[PDB]
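Here we start with a single chain on its own, the form deposited in one PDB entry, put down as structure tokens.
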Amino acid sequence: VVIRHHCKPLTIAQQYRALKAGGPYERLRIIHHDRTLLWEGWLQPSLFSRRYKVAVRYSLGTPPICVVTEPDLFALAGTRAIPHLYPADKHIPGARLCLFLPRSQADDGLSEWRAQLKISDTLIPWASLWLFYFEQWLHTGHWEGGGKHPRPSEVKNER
């Protein structure tokens, strides 16, 4: 989109209000002297689907992280390793999920998620859509979604 580059990452205040309007949240905090914002709540992919607890934090100049705390993804989802049960940067006990393509792979220089976009507008639907394919994998046996995955020789990771 051809727009002016004068646009810069917004202050914490604008997305402070945005997440409150949509859905119920048990907590929403300002931590580290206006540095980091935290959000928690319950997200349901489908009508017959399970109940999921999601935690999200952000800091200016750093990519967001999304972690599903409760449940444990249905007991790690019966061994295998795809649902990304990860250390999660060592402060939240849950699986950390990837939601967008990192900037390095993008040639144009614009990431799929940028500081212009809010958190609730895209990241929350991304997490819910990820959870939908996660629960569908348990039945189908294949990731019938975006099948992007590199090999360790060809891998390039931003995390």
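By rigid core we mean the largest C-alpha set that fits within 1.5 Å across both forms. Residues that one form lacks are left out of the comparison. Residue numbers run from 1 along the displayed sequence.
The discussion below concerns the form deposited in another entry, not included here.
> After the core is overlaid between this form and the one not shown, has the C-alpha of residue 71 moved by 2 angstroms or more?
No; that C-alpha moves by less than 2 Å between this form and the one not shown.
> At a 2 Å cut-off on C-alpha positions, does residue 145 qualify as shifted between this form and the one not shown after fitting the rigid core?
Shift at residue 145: below 2 Å after core fit.
> Residue 65 and residue 152: their C-alpha distance differs by 3 angstroms or more in the other entry. Do they come closer or move farther apart compared with the shown form?
The answer is farther, because the C-alphas of residue 65 and residue 152 separate from each other in the other entry by 3 Å or more.
> So the Cα-Cα distance between residue 86 and residue 98 shifts by 3 Å or more in the other entry; is it shorter or longer than what we see here?
Those two alpha carbons end up closer in the other entry.
> After fitting on the rigid core, list every run of 3 or more consecutive residues where each C-alpha shifts 2 Å or more between this form and the one not shown, in sequence order.
Residues 1 to 4, 82 to 89, 149 to 157 form the runs that move by 2 Å or more between this form and the one not shown.
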